[PDB]
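This report concerns only the one structure given below.
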Amino acid sequence: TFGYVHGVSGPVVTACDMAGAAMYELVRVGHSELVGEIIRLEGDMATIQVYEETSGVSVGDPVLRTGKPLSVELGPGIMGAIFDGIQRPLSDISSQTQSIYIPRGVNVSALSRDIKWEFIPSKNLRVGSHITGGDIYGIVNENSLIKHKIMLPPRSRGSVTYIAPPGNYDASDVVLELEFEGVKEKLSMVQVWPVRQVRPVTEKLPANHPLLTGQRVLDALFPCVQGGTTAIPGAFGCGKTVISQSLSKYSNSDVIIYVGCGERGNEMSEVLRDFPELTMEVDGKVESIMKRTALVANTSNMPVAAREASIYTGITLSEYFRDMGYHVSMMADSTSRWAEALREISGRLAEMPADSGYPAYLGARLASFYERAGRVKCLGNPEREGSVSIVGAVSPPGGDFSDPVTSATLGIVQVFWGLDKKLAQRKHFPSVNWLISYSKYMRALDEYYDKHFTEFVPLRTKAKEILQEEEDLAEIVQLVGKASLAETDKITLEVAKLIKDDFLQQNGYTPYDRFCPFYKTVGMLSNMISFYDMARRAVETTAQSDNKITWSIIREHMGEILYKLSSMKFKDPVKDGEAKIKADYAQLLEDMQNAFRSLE
Amino acid sequence: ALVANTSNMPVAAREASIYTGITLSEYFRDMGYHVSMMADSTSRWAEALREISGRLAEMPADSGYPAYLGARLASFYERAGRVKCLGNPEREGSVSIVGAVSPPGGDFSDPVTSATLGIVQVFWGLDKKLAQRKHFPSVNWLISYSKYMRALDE
Amino acid sequence: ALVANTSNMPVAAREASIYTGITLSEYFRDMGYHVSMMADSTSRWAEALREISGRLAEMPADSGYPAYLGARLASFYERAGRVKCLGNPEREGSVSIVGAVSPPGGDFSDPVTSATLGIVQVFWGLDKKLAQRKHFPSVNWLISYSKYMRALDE
Amino acid sequence: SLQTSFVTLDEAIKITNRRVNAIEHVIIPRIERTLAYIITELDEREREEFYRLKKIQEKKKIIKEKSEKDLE
Amino acid sequence: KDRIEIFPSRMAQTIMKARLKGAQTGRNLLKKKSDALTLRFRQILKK
Amino acid sequence: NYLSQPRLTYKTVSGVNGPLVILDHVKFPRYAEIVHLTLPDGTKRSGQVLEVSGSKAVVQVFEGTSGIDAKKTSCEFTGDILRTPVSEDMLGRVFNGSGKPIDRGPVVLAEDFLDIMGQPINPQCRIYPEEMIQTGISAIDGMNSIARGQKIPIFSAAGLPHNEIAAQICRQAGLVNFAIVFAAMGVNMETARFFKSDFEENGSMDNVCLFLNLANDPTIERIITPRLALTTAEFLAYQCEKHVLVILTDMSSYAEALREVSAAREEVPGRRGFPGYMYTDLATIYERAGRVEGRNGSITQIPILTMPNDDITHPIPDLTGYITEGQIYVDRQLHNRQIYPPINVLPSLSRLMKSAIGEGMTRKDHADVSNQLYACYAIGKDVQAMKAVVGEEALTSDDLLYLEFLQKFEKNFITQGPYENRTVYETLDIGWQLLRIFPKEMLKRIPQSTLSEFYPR
Amino acid sequence: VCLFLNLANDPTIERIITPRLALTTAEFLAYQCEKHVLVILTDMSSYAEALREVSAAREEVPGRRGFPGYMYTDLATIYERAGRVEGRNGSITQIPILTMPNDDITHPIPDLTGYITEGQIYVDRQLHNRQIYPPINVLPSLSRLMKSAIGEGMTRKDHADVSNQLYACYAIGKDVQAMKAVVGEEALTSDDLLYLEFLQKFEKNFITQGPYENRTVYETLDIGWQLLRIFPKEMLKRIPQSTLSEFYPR
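As given, the protein sequences belong to chains A, B, C, D, E, F and G, one line each in that order.
Following PDB author numbering, the numbering of the first sequence begins with 17 at its first residue and continues without gaps.
Following PDB author numbering, the numbering of the second sequence begins with 310 at its first residue and continues without gaps.
Following PDB author numbering, the numbering of the third sequence begins with 310 at its first residue and continues without gaps.
Following PDB author numbering, the numbering of the fourth sequence begins with 150 at its first residue and continues without gaps.
Following PDB author numbering, the numbering of the fifth sequence begins with 4 at its first residue and continues without gaps.
Positions 38 to 213, 226 to 506 (PDB author numbering) are the ones given, in order, by the sixth sequence.
Following PDB author numbering, the numbering of the seventh sequence begins with 257 at its first residue and continues without gaps.
See the structure below:
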């Protein structure tokens with residue numbers, strides 16, 4: 017089976033007797049089993065890019081091939097796991113080695129063996145039954161939330177020769193046996209998939225439903241669809257946690273995957289410390305969010321190939337959960353750190369530089385990753401839908417979007433929540449700059465809003481216009497002062513102030529703003545814009561009259577409605593029923609209508 | 310007379326096209342005609358010299374162009390002039406050569422532009438600012454020059 | 310004493326002049342003399358190291374210079390200092406080194422300048438602005454530095 | 150005195166705002182577009198150097214391999 | 004026209020960063036001048 | 038006649054390096070021939086021989102080399118270059134980047150096999166293009182007229198609505226029978242749906258052929274994607290006398306495929322790391338356009354490209370700009386103000402507008418109106434740049450009229466609905482209603498006869 | 257005279273030898289035949305382009321901009337064949353000429369040349385577009401031997417002082433010319449306006465020669481003092497007050 021080391025130079029290990037080896041095959045080098053990829057073949061010889069430090073590898077050392085390219089073990093026991101970028105299990109490395117270090121050349125099986133999982137076979141199946149890739153042949157109760165749908169691997173097919181009865185089985189127990197063309201395949205709960213290959217689908221559907229974040233600016237003005245591709249300018253001064261924690265606690269995705277792309281050592285431990293302590297309410301129980309996520313963490317001194325692979329590992333996990341019919345959300349907290357790892361591989365391969373020193377294929381390696389998002393009809397027969405949403409942060413130096421990883425990312429992602437240090441310094445959380453930010457999914461979500469929130473598309477359009485008018489009017493205020501504006505424009509600044517101060521801002525540490533349902537979000541904006549339209553009608557109806565309405569008259573005779581329009585943020589879906597909340601909003605609409613009717 | 314070799318015709322044939330055009334022009338010059346030779350771009354000629362160099366693996370100078378690019382252009386433009394022709398009857402032929410260099414990115418720091426302006430006595434530098442204004446012919450009258458003016462004053 | 314290599318002397322003779330100079334300076338330093346040595350430019354030595362490296366088919370590092378340019382300059386400048394001389398009469402000689410550094414095109418980001426600034430404790434930054442106004446001796450008192458102030462205070 | 154002061158301040162504000170906007174919309178944009186061109190062409194020279202050094206390194210490896218084959 | 008056309012070099016990158024800091028400092032110094040003049044100008048108009 | 042000799046198949050993979058497999062012991066290797074590779078797991082792949090030397094054939098593999106094996110890989114050499122199967126039955130169909138069908142129809146039952154590279158159209162047989170196409174869009178038809186047989190690309194900054202403009206041109210294009230070949234290189238699936246949907250919504254399927262290479266499809270297929278589209282367009286125009294329009298979407302994703310292949314090959318780099326031959330390769334795509342003597346056929350092309358970082362001097366727009374007959378530009382300075390379609394006239398030109406206008410084609414005034422609209426819009430931008438320094442109080446009343454012209458112009462000439470179709474004659478009447486903003490004597494690009502025939506009306 | 261001609265149509269490699277033939281003839285005429293010799297080398301850039309052609313064809317490791325790394329020593333074997341020698345009356349003066357590519361003073365050809373040659377005479381596009389013949393920009397021009405070519409008995413004794421002051425005045429002239437745009441003409445003081453008048457009068461009278469005017473050193477310094485007399489006496493700060501009292505009141 018194995019070859020022998022012929023030469024070593026830095027991480028490059030040339031091996032011989034490798035006549036059976038394949039391009040990008042995964043190889044273990046040396047007596048310590050150091051990981052590496054074959055980057056060239058030259059006869060019976062192979063050149064291996066060893067990931068880990070090769071110091072101590074010798075000529076004549078064994079070179080053991082795995083029968084596979086770089087691949088992710090998929091199966092039960094992912095939830096709660098922590099992985100490096102190449103799927104090695106950092107929690108289990110810790111518990112087995114009892115060391116603060118990863119030992120060079122770990123061989124710990126990625127999904128923990130020996131855990132007998134509770135398995136229920138898919139009760140419709142029988143010996144002699146037909147089956148195709150993506151058929152759910154049984155369910156594993158790995159945690160309370162995520163019933164793990166075991167499925168036939170996408171390339172496997174045939175007739176079921178055996179299925180295991182209900183019972184407890186570990187990942188190496190043969191749960192299914194099937195036959196095709198007279199050839200038997202024995203099959204386990206563990207499933208191996210090539211990480212740089214897209215898990216296939218019945219069809220990638222158009223994305224049409226909101227990925228609700230529970231955050232007013234993010235859900236109202238810049239919506240991301242389930243299946244959406246999005247970016248965040250993740251940098252310290254902007255408060256990036258406001259999105260990622262809110263998504264993690266509240267958002268309407270059944271599973272989450274985190275990729276530490278290549279983050280600073282201490283910033284990595286913040287993620288790994290924090291998430292275990294976060295919790296969600298499910299069916300009125302409180303449970304740790306680690307019940308529904310896996311953290312593919314990588315510090316900056318993890319192997320280059322692990323950082324470059326880490327993004328592809330996280331999406332390959334996310335695609336397995338998508339194929340279980342779950343909606344995954346995938347956070348990628350610095351695509352720039354991944355692009356540096358990619359640049360280092362290209363540099364070590366002695367390839368020619370392109371834009372700003374990045375490789376030629378940076379555009380393709382980004383685009384072919386973001387195209388792994390979307391809603392799908394899964395493979396296999398229970399017709400189930402699912403999705404992956406990719407929330408891939410960017411880190412343009414000095415905020416300069418001309419940086420090729422940032423520019424190519426903004427050339428691909430349909431949504432960009434442009435967090436800004438100027439807003440974060442003012443504590444305007446969630447700190448999203450609404451002038452910078454955008455979403456392309458507005459058109460595709462019209463179906464959803466038409467069915468469920470039919471007035472909201474008008475309100476969203478009016479809100480964006482009022483905010484744009486605030487920035488335009490602010491130039492006139494800076495030139496000639498607020499006193500010089502028309503009455504319409506003065507009330508436009510007052511409503512834009514309410515929108516900026518009490519709609520778009522949301523302090524997630526407060527019990528009332530921990531989350532914000534879409535109905536609460538619509539009701540708030542409906543009242544602010546109802547006030548805007550009634551104030552604007554009162555002003556415009558009294559245009560060229562003797563007695564004329566103005567912001568000061570409105571504030572004098574109905575400053576209570578201005579106070580209520582701010583106060584509506586404090587309403588609490590936990591303490592207040594939906595009917596109570598909706599009724600208070602309806603009462604404020606009636607109150608403001610009577611109040612304006614008393615003037616004009 | 311035309312010597313075509315359009316952008317999608319074989320790269321190598323661009324060299325032969327230029328040398329064919331000046332060979333014809335030198336022949337009509339030896340008859341005593343005042344020939345003019347147009348060349349629609351010396352940079353697209355020099356890109357043929359770049360391609361052959363890249364296939365041969367010769368070392369590039371600036372921007373990939375071969376180091377002999379200067380000498381190729383020099384031994385092209387110096388085929389101009391007015392001449393007392395060979396042979397018995399005296400004739401005053403000429404070839405006037407007009408190479409329409411097309412600098413990549415529009416940037417006159419381009420090695421073909423730099424080598425070309427080293428050799429030629431007349432430089433009609435066009436400018437995209439004028440062409441955007443629809444100011445045509447788009448000659449920039451600051452950067453352009455004609456070294457022949459002292460002879461033409463006579 | 311003078312070691313004198315006109316620029317047309319062979320590339321290796323330019324390197325030898327530096328090592329000869331410091332070895333003579335160290336020889337008189339061992340006599341307890343407070344030797345001083347001045348080089349006409351360490352950049353001209355680096356131009357010798359460049360040409361040597363190229364001819365040997367070495368991998369260059371920046372602007373054709375060898376990567377070991379820094380280590381060469383250190384094996385020159387770190388032969389300076391005061392010393393307690395070897396052997397029996399206790400005497401304290403020194404070699405002061407004034408290594409000049411005009412950079413290519415006047416660019417103070419240059420490898421031999423940067424490598425020199427990583428090693429020398431004093432930088433008499435002469436400046437074109439002062440020289441153009443004919444201010445002499447033309448030292449820029451805002452770019453220049455001398456780390457020795459900490460010792461000289463005693 | 151207020152009249153002469155007011156008129157003089159109006160002219161001084163116009164002169165100052167012309168300089169401020171000429172800095173903001175002429176001088177700074179010439180410099181930032183120049184600095185982008187400098188960073189671009191500096192990186193072009195860095196690629197042209199990289200490619201020459203890489204092709205040299207490949208020819209050396211060929212010459213080494215040929216020199217070992219010539220021992221047979 | 005659109006650029007200063009100093010020839011590409013690490014010297015020129017240093018000089019253009021210095022020219023940018025110069026021009027940006029000049030903008031800030033003249034912005035303080037414009038603000039102080041604007042305040043006095045509006046005071047005088049009321050007087 | 039058919040090649041009667043049986044095919045050789047080799048396992049002699051002497052190496053693999055990047056996207057290249059290096060066969061050895063090959064019997065008389067043929068440059069640019071196609072290899073079909075079977076990997077150890079039985080996956081089929083295809084490749085083209087980029088170099089031959091004695092017994093060696095260096096084959097580039099389109100699906101990439103991941104999984105190629107030095108012993109268990111079978112390379113069948115077809116003994117011939119890559120030929121596209123073509124037929125008129127390719128209208129109303131959808132193909133992937135390598136020309137396999139994805140509409141769930143059968144393979145192309147060929148009327149012929151054509152060399153994917155095409156042939157160089159003989160400059161003596163090329164007709165100079167001159168019959169006008171209305172696109173229906175005023176910023177094109179009024180100031181950048183497209184001739185039947187012209188190639189003229191739409192440049193755009195990233196994320197601008199260039200797909201919508203190109204879709205609208207497919208909906209509204211006509212003379213003052227037709228077919229489309231649409232290709233996209235590295236298009237995201239969200240945009241691939243838009244293009245396929247729009248042809249289905251317009252009822253156009255019966256006279257459009259789509260080649261889709263998606264942004265995750267193997268990046269070497271992008272090199273053949275527009276070549277397949279052109280080879281179909283050449284069949285439809287030059288053999289079937291169809292009036293063809295070819296749309297090539299993100300020639301930037303094509304140029305990225307050239308840059309990736311160039312890196313893998315180690316070619317001499319030009320600017321921004323694109324290969325030194327990027328002009329010739331782009332010409333091998335773009336020059337497969339125009340009318341040809343004795344044929345009623347014609348290939349029009351409207352390529353589209355995303356200008357990287359909006360830079361007009363970038364090699365992709367720049368080399369395309371050298372090869373193509375003027376260009377149509379789309380701008381953020383229009384799109385941010387919601388001016389659809391966001392076409393900026395000022396950097397735009399159409400080289401064939403200097404012929405596909407005037408009597409029998411368009412109204413007499415057209416050339417004059419276009420030139421005066423260009424002057425007024427350009428002066429409008431110049432006085433806007435003055436206002437940004439010295440304020441509007443320094444501008445003359447004439448200069449203020451050019452600034453007001455620039456506003457009225459964008460609001461009426463450029464601004465147009467996504468389904469609104471305008472004739473050239475309607476566009477010129479709009480042009481005059483804008484020119485009437487100035488006193489007659491200021492119209493320095495228009496002759497006194499054209500003013501006397503059209504200015505007061 | 258003695259002319260060697262390689263023209264732009266003659267083969268590249270001959271022009272590598274052309275300058276060495278000229279200098280070898282100059283060594284015979286100077287150092288064996290006692291001639292005072294001037295050597296003119298008409299385009300050192302075409303010489304360096306010939307080195308780049310052969311170097312690239314030899315597959316040698318490049319220096320910056322792809323020239324052979326040895327071009328400094330090589331250009332030295334050309335430029336160092338100059339100057340007087342022991343016992344000889346003869347002398348090889350050289351005035352090489354060098355086509356700066358892209359107008360770039362820092363280009364490897366002029367850069368390595370500037371290190372070997374004893375200054376440079378710099379001819380500027382800006383002065384040429386103004387029709388100033390010869391277009392020599394005095395500021396970037398230098399001459400290392402000037403400090404020993406000039407002085408009592410070699411010239412009139414004031415010649416160093418007048419030239420030093422004029423040179424600083426031209427430099428200040430170009431700086432106030434930059435101020436006239438960056439800050440405006442209205443920001444200039446009476447002194448800055450006198451440096452601007454100096455810059456204009458200096459180009460007109462000092463720099464502008466005409467192609468057959470053969471001015472003596474005395475006519476040059478006399479025009480120099482007629483220009484320095486534009487300023488108040490106290491502005492001539494580089495000149496010693498002894499020299500000013502002899503030559504300013506003229």
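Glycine is no exception: its CB is placed at the ideal position from the N, C-alpha and C atoms.
Roughly how many angstroms lie between the CA atoms of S404(G) and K413(G), to the nearest whole one?
12 Å
How is the beta strand (DSSP E) around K413(F) delimited, first residue to last?
Per DSSP, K413(F) belongs to no beta strand (DSSP E) and is neither H nor E.
In angstroms, rounded to a whole number, what distance separates the CA positions of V86(F) and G79(F)?
21 Å
Smallest Cα separation from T110(F): which of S83(F), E148(F), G136(F) and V89(F)?
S83(F)
Minimum C-alpha distance to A38(A) - residue among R56(A), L192(A) and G390(A)
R56(A)
Count the other CB atoms, across all protein chains shown, that sit within 10 Å of the CB of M410(G); report buried if there are 16 or more and exposed otherwise.
Residue environment: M410(G) is assigned as exposed (fewer than 16 neighbouring CB atoms within 10 Å of its CB, all protein chains considered).
If you count every other CB in all the chains shown that lies within 10 Å of the CB of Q430(B), and 16 or more means buried, which is it?
exposed
Proximity to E305(F) [Cα-Cα], best of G235(F), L383(F) and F487(F)
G235(F)
Can you give me the Cβ contacts of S260(A) inside the same chain, cut-off strictly under 6 Å, excluding the 5 residues immediately before and after it?
Hits under 6 Å: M347.
Measuring CA to CA, which of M340(A), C394(A), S160(A) and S418(A) is closest to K301(A)?
It is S160(A).
Mind checking who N184(A) pairs with in its DSSP beta bridge?
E134(A)
Can you give me, in chain order, the residues of the region 375-390 of chain B that have a beta carbon less than 8 Å from any beta carbon in chain G?
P375, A376, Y377, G379, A380, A383, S384, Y386, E387 and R388
Starting from the N-terminal side, write out each stretch of the beta strand (DSSP E) that is 3 residues or longer and does not extend beyond the region 292-366 of chain F.
292-298 and 347-356
Within this structure, are the beta carbons of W209(A) and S87(A) separated by less than 7 Å?
The Cβ atoms of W209(A) and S87(A) lie closer than 7 Å to each other.
Per DSSP, which one or two residues make a beta bridge with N54(F)?
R56(A) and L57(F)
Any chain E beta carbon closer than 7 Å to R201(D):
no
Check whether the Cβ atoms of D367(G) and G414(C) lie closer than 7 Å to each other.
Contact: yes.
Between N170(D) and chain E, is there a C-beta pair that is closer than 7 Å?
no
If you measure from the beta carbon of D380(G) to each beta carbon in chain E, is any gap under 7 Å?
no
Could you spell out where the alpha helix (DSSP H) holding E367(C) opens and where it closes?
Unbroken run through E367(C): none, as it is neither H nor E.
Based on the DSSP output, what are the partners of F462(G) in its beta bridges?
The secondary-structure analysis by DSSP pairs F462(G) with nothing; it has no beta-bridge partner.
Rounded straight-line distance, which links the Cα of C289(G) to that of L401(G):
Answer to the nearest angstrom: the Cα atoms are 25 Å apart.
Would the beta-carbon of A424(B) fall within 7 Å of that of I406(B)?
no
Using a Cβ-Cβ distance cut-off of 7 Å, determine whether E360(B) contacts chain F.
yes
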